[PDB]
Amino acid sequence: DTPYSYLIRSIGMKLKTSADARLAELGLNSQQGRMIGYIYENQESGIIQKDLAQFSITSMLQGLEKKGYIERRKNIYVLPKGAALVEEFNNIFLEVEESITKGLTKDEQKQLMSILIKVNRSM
């Protein structure tokens, strides 16, 4: 009896499947991926260990250093391997996005975009 909410939740959950599988193949968790992402995003501005505590973190950074994702040290920087990973995950999300229209006709593709915009605007 709440079919729109059910479909929105379920599709929303499926948007994450490919990313979770890659994290697992790489031996990383969601906290590690996000941390690498956060550092990649903010390292030019400059980020220190305190900043990551407020947005252990010591042991995680050590794990990420051992995997060659983060530079050993003071500001924190991802290594090229870390930047490459962020790019990889972005591309995963692009492939998932492209899959949304797989089962849809041209008209359905346009209508979905128009309607989702309207729904999102209304709440």
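In this text, residue numbers run from 1 along the sequence as written.
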{"item": "Between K81 and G82 - deposited residues without coordinates, as a size class", "value": "none"}
{"item": "Between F55 and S56 - deposited residues without coordinates, as a size class", "value": "4 to 9"}
{"item": "Which of 35-43 and 84-92 has higher mean CA B factor, as the PDB entry lists it", "value": "35-43"}
{"item": "Residue range whose averaged C-alpha B-factor is higher in the record, 61-69 or 93-101", "value": "61-69"}
{"item": "Selection by C-alpha B-factor (highest) of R9, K16, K106, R22", "value": "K16"}
